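Novice: got a sequence here, can you model it:
(8 chains, ligands or ions: 12)
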Amino acid sequence: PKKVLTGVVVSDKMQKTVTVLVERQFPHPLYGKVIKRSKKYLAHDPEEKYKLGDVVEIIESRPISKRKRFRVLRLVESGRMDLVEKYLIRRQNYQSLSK
Amino acid sequence: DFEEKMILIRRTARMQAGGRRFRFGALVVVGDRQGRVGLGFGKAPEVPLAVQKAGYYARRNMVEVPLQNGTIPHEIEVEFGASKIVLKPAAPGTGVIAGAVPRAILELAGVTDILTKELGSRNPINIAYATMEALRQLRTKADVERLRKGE
Amino acid sequence: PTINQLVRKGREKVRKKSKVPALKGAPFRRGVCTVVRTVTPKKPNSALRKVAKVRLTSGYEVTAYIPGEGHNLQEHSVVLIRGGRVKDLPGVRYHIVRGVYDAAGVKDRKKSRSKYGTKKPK
Amino acid sequence: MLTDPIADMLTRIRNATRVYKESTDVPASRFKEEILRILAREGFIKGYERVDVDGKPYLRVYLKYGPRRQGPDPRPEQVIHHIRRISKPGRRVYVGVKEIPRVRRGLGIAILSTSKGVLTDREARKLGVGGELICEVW
Amino acid sequence: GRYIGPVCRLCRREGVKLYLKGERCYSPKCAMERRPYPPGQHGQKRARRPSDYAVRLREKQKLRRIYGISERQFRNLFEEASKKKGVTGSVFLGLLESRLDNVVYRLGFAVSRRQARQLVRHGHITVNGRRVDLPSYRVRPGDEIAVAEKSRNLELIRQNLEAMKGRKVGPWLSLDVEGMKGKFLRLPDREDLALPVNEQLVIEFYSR
RNA sequence: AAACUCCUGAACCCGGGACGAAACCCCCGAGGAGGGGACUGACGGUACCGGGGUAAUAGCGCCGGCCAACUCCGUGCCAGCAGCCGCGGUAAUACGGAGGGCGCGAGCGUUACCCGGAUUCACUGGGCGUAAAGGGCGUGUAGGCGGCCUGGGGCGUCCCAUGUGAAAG
RNA sequence: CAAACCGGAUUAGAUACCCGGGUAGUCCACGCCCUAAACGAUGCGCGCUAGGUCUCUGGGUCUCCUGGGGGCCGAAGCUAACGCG
RNA sequence: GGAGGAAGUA
Ligand code: SF4
Ligand SMILES: [Mg+2]
Ligand SMILES: [Mg+2]
Ligand SMILES: [Mg+2]
Ligand SMILES: [Mg+2]
Ligand SMILES: [Mg+2]
Ligand SMILES: [Mg+2]
Ligand SMILES: [Mg+2]
Ligand SMILES: [Mg+2]
Ligand SMILES: [Mg+2]
Ligand SMILES: [Mg+2]
Ligand SMILES: [Mg+2]
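Specialist: Numbers count the residues shown, from 1 in each chain, chains lettered A, B, ... in the order given. Ligands and ions are numbered 1, 2, ... in the order given. Below, you will see the structure:
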């Protein structure tokens, strides 16, 4: 059990590093509804061939950096940018709460 | 060969050209501890007269209540007006734990053990009147087979 | 509401507030009286209730009601504090325990004595 | 937009019992028909049959009614006294075996679905398997 | 530790003959067979309707006073019955007659539990050959309740042992006069010991 | 209830006197296995045991409804009681006292706090016409939700086994 | 026409209702406040639950059928009721 | 019967 996780990337913008976004789905310990919770991980792409849109797997790996303790494992599918939007648009919804 | 228990005796008046005219109403529960119960509510211009009218009327709203080893067969919620009541039966060794009002209603049916709780408006006239209807909506293990079949 | 509105917003603890804010939360307290101006009760009454304003080690300056056949509490007199209100005293939140420090009890009494610092005679 | 249509059925039922009627047409999904299969396999209903109205597929429900009670309001003692949706789309119910709910200490029912199929309370506990509670009828 | 006060008031206050004195109890000078009304001034005066909370307190007091006991033990030995499996109302009447100060009374070594407790406490009764001077002794089955041979010769026991001779002991005990030993058989039921108590009320009491 | 007769005998007195303590050590024996022998107690002359022997502390709250338990006297919007209602404005079952009664008992009451009772933050378990509550309306992003049928993966989900879930609770 | 302002009159007095005048405003172009008894004091969307009845608007060989609306009594049901339907 | 659109003063 070195915690394999699967999630969509979010960035390809840093050297040998990407941003897997994985999703957890579970009930609510108080309400019977089954809700979503998501979390962002930073991963190790030494081949620099894991890029945006790539739906990959990650593993609880040895420490690589401060917030980088997981390795990329393998690929699931690459053609998934419509999810990156849902990250690209959400963080751009974050825009309109200011002066 | 019955048993009268008065829920409450209260006082109502009405303004009149020069004063107020009191009247009385009562809530007795006819009982027997055989399962046959009865509830009434009679209006009188004097106390020991409503008790008759209340005692009367109840000897008419007769209700056959089933008994399974000293309690209630199933679980029922019955709301009436803003007053609500929920009756979960109890294995013996429990005791009629209910409000001072419905206790009478259940006692005079032969119930020794039953779990209860008043809910919503705890006005007795609403709370009583509801309990009877709750007891009336009761069924037994036999009526289900007669309902869900018919040959 | 909706089940969805709930997980997102949720409920709030009612969080009721205290009626004895003598601080610390201690049940009793020591303080020195400062005022004794017997004031008049609320609407449906008219007596000369015996009152006193106390300043506790909590640092708060608050009135307090006095009970029984008179007393001996003067301007400078260390006292106690207690709990309980008075329907007729809009501003009296506490009470005075007697038989402790300078708040002496009540002479001549036999019914109810724990409440007035009265011992058992003969 | 008709979000939960399983409950639409259940809702169609009550408003057809509580007014006492013979037929009451309802759109048919194979999941819905399997429900009546396990509803009518008791006696709450006479039965159903795949039909077709206005060139479209529905489901006649031969609602079952108790006996004409006597006196004022001679409407018969209602069979399906109370049917209500449970696993709402706003809150879906998933339970195992060691928590399947009894219904009217037996005198009721609790219809659910699981991997071995749609089943009821006392039926599910037999298999030692549980699943998403769909409804309950007393 | 116990009541130590006026007893016949109890019997009058509850309107039931509480058999606590002893031989005077069945005599025609039982205060109830003399003054059968609640004591204290307003006895003969019209007693108004019993509040629905009243009659459930008094039966609770009946049993409380029948066995001579406080109200912590009463509660604590009631909590156990509520938790212990079985009907709450008569398991409680089981762990009660199991009390040592009771048994001796039931064995006729004394005509009064109040009388019996003293004999228990004073080093006179013996269980399984041991000097048990505890009233609150949950007597278990198959136990050897007997008057201590070191004190099986007093001018009290024999009189009250003889006083039983061939008495209808409780249908759950085994009395041997002159042998002075009485074995605890099974354990009681309300149907085995009929008392003026609707014990269910004590439940309905201790549930308010 | 008292006095009274009888009955036992908490305290008291004497005599015995512990369990907890069998090993480290020594011998035979190989410094093994095994076995044999012996010193050691603060608690404590305590517990307990044997015998003798005196009836020998009872207090607190309440008594209008909630809330079990009533009368007298003085007081006369004063003195006061009081958790909500409230009572006392002459004939008080509420104040002060007594007689008595109720509840507990080596304890009884006050105050403070936590949960409840409070379905009075409603997951079980609530509402928004007139009671506090529908945004002044529209459009619309994220999110929530979604008609019928067939096949796949089995993420949530369900079932069995195994590990863990320490001890005390 | 008319807030504010002045005068007349009623009045116990009239900083008002009644009257004689009368500025802002109400009108137009542009840009602001964005508030309400903004009320049907009833959020939007969909399905099911008897009818009778006037009317606005389409269609179909028509005191007939059907689709979209506004009113009016009322089935069951709901509410504390009024009442909704 | 319901519904819509003439008083001087404390
Ligand atoms: S039976 Fe005994 S305790 Fe009861 S009143 Fe008679 S003498 Fe007194
Ligand atoms: Mg997160
Ligand atoms: Mg309420
Ligand atoms: Mg009480
Ligand atoms: Mg006066
Ligand atoms: Mg809820
Ligand atoms: Mg109004
Ligand atoms: Mg807002
Ligand atoms: Mg384990
Ligand atoms: Mg101007
Ligand atoms: Mg501007
Ligand atoms: Mg229908």
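
Novice: leaving out sequence neighbours, find the closest residue to the residue of chain B found nearest RNA strand G.
Specialist: Using C-beta to the nearest atom of the strand, residue B:82 is the residue of chain B that sits closest to RNA strand G, at 3.5 Å. All C-beta spots, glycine's among them, are computed from the backbone N, C-alpha and C. Of all residues not flanking residue B:82 in the chain, residue B:121 sits nearest, at 3.9 Å (C-beta to C-beta, 6 or more residues apart in numbering or on different chains).

Novice: near ligand 1, which residues of chain B are found?
Specialist: Taking C-beta under 6 Å from any ligand atom, no part of chain B reaches ligand 1.

Novice: which parts of chain B sit against chain E?
Specialist: Counting by C-beta under 8 Å from any C-beta of the partner chain, chain B comes close to chain E at B:92-97, B:100, B:103, B:112.

Novice: can you flag the buried ones in those?
Specialist: Neighbour-count burial (16 or more other C-beta atoms under 10 Å in any protein chain shown) applied to those gives B:93-97, B:103, B:112.

Novice: in the residues you listed, find the pair that's most separated.
Specialist: Among these, the pair separated by the greatest distance (C-beta to C-beta) is B:93 and B:103, at 17.5 Å.

Novice: still on that earlier bit, my guess is the residue nearest to residue B:82 contacts residue B:79, does it?
Specialist: No. Residue B:121 lies out of contact with residue B:79 (C-beta atoms under 8 Å); the separation is 9.9 Å.

Novice: all strands for the chain, in order.
Specialist: Here I'm looking at chain A. In chain A, the strands defined using DSSP state E lie at A:5-8, A:17-27, A:34-44, A:55-60, A:70-77.

Novice: you answered for a different chain; I wanted chain D.
Specialist: Using DSSP E, the strands of chain D run over D:45-50, D:59-63, D:83-85, D:111-114, D:117-120, D:132-133, D:135-137.

Novice: for the residue of chain D at minimum distance from chain A, name its beta-bridge partners.
Specialist: For chain D and chain A, the shortest gap (C-beta to the nearest C-beta) falls at residue D:91, measuring 4.4 Å. Note on residue D:91: beta-bridge partners residue D:88, judged by DSSP bridges.

Novice: show me the contacts for it.
Specialist: Remark: with contacts taken as C-beta atoms under 8 Å, 6 or more residues apart in numbering or on different chains, residue D:91 is in contact with A:31-33, C:3.

Novice: and if we set it to 10 Å?
Specialist: Shown in contact with residue D:91 (C-beta atoms under 10 Å, 6 or more residues apart in numbering or on different chains): A:27-28, A:31-34, C:2-4, C:6-7.

Novice: how about residue C:35?
Specialist: Taking C-beta under 10 Å, 6+ apart as the test, what residue C:35 contacts is C:51-55, C:61, C:63, C:75.

Novice: quick one: it and chain B, what's the gap?
Specialist: To chain B, residue C:35 is 46 Å away according to C-beta to the nearest C-beta, to the nearest Å.

Novice: before we move on, the earlier item: so for residue D:47, which of the strands of chain A sits nearest?
Specialist: That would be strand A:34-44 among these, by C-beta to C-beta, at 34.7 Å.

Novice: first to last residue in stretch D:39-58, what's the distance?
Specialist: For stretch D:39-58, the first-to-last residue distance is 17 Å (C-alpha to C-alpha, to the nearest Å).

Novice: correction: the previous question concerned stretch D:75-92.
Specialist: Terminal residues of stretch D:75-92 are spaced 35 Å apart (C-alpha to C-alpha).

Novice: quick one: buried residues of that stretch?
Specialist: D:79-81, D:83, D:85-87, D:91.

Novice: make CSV out of these and add distance to RNA strand G.
Specialist: As requested, the buried residues of stretch D:75-92 are exported to CSV (distance: C-beta to the nearest atom of the strand, whole Å):
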residue, distance to RNA strand G
D:79, 16
D:80, 14
D:81, 13
D:83, 13
D:85, 12
D:86, 17
D:87, 17
D:91, 16
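
Novice: need the strands of chain D in a markdown table (columns: distance to RNA strand F).
Specialist: What follows is the strands of chain D, written out as a markdown table (distance: least, C-beta to the nearest atom of the strand, whole Å):
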| stretch | distance to RNA strand F |
| --- | --- |
| strand D:45-50 | 11 |
| strand D:59-63 | 11 |
| strand D:83-85 | 11 |
| strand D:111-114 | 5 |
| strand D:117-120 | 10 |
| strand D:132-133 | 6 |
| strand D:135-137 | 12 |
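
Novice: could these go into TSV alongside distance to residue A:18?
Specialist: Below are those laid out as TSV (distance: least, C-beta to C-beta, whole Å):
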stretch	distance to residue A:18
strand D:45-50	53
strand D:59-63	52
strand D:83-85	44
strand D:111-114	40
strand D:117-120	44
strand D:132-133	37
strand D:135-137	47
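
Novice: what's the closest of those to chain C?
Specialist: Across the strands of chain D, closest to chain C is strand D:83-85 (C-beta to the nearest C-beta), at 12.8 Å.

Novice: how about the residue nearest to residue A:6 when sequence neighbours are not counted, what does it touch?
Specialist: Leaving aside its sequence neighbours, residue A:6 sits nearest to residue A:57 (C-beta to C-beta, 6+ apart; 4.8 Å). Applying C-beta under 10 Å, 6+ apart to residue A:57 gives the contacts A:4-7, A:20, A:22, A:43, A:70-76.

Novice: of those, select the buried ones using a PyMOL command.
Specialist: If you want just the buried ones from those in PyMOL, going by 16+ other C-beta under 10 Å, the selection is:
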select buried, chain A and resi 5+7+20+22+43+70+71+72+73
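
Novice: closest one of the contacts of residue A:57 to residue C:29?
Specialist: residue A:22 (57.3 Å).

Novice: gap between that closest one and residue A:81?
Specialist: Relative to residue A:81, residue A:22 is positioned 17 Å away (C-beta to C-beta, to the nearest Å).

Novice: residues near residue 96, how many?
Specialist: Chain wasn't specified; assuming chain A. The tally of other residues near residue A:96 (other C-beta atoms under 10 Å in any protein chain shown) stands at 6.

Novice: that's the wrong chain, I meant chain E
Specialist: So residue E:96, with other C-beta under 10 Å, has 22 neighbours.

Novice: and it, what are its phi and psi?
Specialist: Backbone geometry at residue E:96, expressed as degrees, to the nearest 10, gives phi -90, psi -60.

Novice: who touches it in this structure?
Specialist: Each residue near residue E:96 by C-beta under 10 Å, 6+ apart is listed here: E:63, E:66-67, E:69, E:73-74, E:77-78, E:81, E:90, E:102, E:138, E:188, E:193.

Novice: report the two of the residues you listed separated the most.
Specialist: For the contacts of residue E:96, with distances taken as C-beta to C-beta, the pair at the greatest spread is E:73 and E:193 (19.4 Å).

Novice: of all the strands of chain A, which one comes closest to ligand 1?
Specialist: strand A:17-27 (65.3 Å; C-beta to the nearest ligand atom).

Novice: what's the distance between the residue nearest to residue B:82 and chain E?
Specialist: Where chain E is concerned, residue B:121 sits at a distance of 21 Å (C-beta to the nearest C-beta).

Novice: was I right to think that residue contacts residue B:127?
Specialist: Yes. The pair residue B:121 and residue B:127 qualifies as a contact (C-beta atoms under 10 Å) at a distance of 7.5 Å.

Novice: now the common contact residues for the two.
Specialist: B:80-81, B:83-84.

Novice: quick check, nearest of the residues you listed to residue C:15?
Specialist: Closest to residue C:15 out of the shared contacts of residue B:121 and residue B:127 is residue B:84 (27.9 Å), distances taken as C-beta to C-beta.

Novice: cool, thanks, signing off.
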